């Protein structure tokens, strides 16, 4: 069952995705074929070798330097319209990608993504558009990366009401907090973190809780099918004592609160390193706990790859 895919973005995640696709292009009797890849240097399109495109991108920074192959310069809208993949995969850092998704879904093309803002802000609209056009949208790696919290909430627990979710979903903050608690100061830990590439030059998205808040909104969308009415977002800047503190997202019907919270030493959310975790409390089950890596190339691409096979087999979108 042959499917053509366009990959938009070719960063740490897209390249790691290429490796997984190359190794598993025929799985469950499906056949996955990447017809295009797109970065800021333009879009390559046709019968190129996936691994060569990955080699080229790694070694030169650009898909344009590709050998034996020609580069087109599609805007997002034109990529969709000209190449016409079965599935558009977004693994870029373009915040406004929703406009692109609207065009694909308008044409019946399913979208798979690791990119958070479009889903966090436009889920309802995107879902309506997908349903109208007989397509799907999948976003597993937007929350806890390849650890399958989205699958769990969206395709399982189908007879449950979700009372709440509490999750620690931002390893950058965890690193800072762990350092503060070890002796270092806020600014020094921020500085040590920049130096390791775990924070960016402007560290705000992590430190002020933005990333965590986007992810919580995605959890709230899946769980209740609507945006929250009460919202609180706080970062870790005022944290004085960091021992056993984590930046915790607390989601319940109509309400999201992201803020630092103290945890007993045996709480499942007291996660270290790259780990994330979620406690989902439902009516029939009580607490269900899921824990796994929340970041990294392969880790993230694992999730997008799952979503690919699901778009291909037309998994429904029940939530």
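Residue numbers count along the first chain shown, from 1.
Averaged over Cα atoms, the B-factor as recorded in the entry is higher for 234 to 242 than for the other of 234 to 242 and 90 to 98. As the entry records it, the average C-alpha temperature factor is higher for 184 to 192, out of 184 to 192 and 108 to 116. Each of 156, 161, 172, 147 has a CA temperature factor in the record; the biggest one is found at 172. As recorded in the entry, 199 carries the highest CA temperature factor of 248, 137, 199, 143. The PDB entry assigns residue 266 a C-alpha temperature factor belonging to the middle third of its chain's modelled residues. Placement of the Cα temperature factor of residue 132 within the chain: highest third of the modelled residues, per the deposited record. Per the deposited record, the Cα B-factor of residue 67 falls in the highest third when ranked against the other modelled residues of its chain.
When the CA B factors of the chain's modelled residues are split into thirds, the value for residue 299 lands in the middle one. Annotation for residue 18: C-alpha temperature factor in the middle third relative to the rest of the modelled chain, per the entry.
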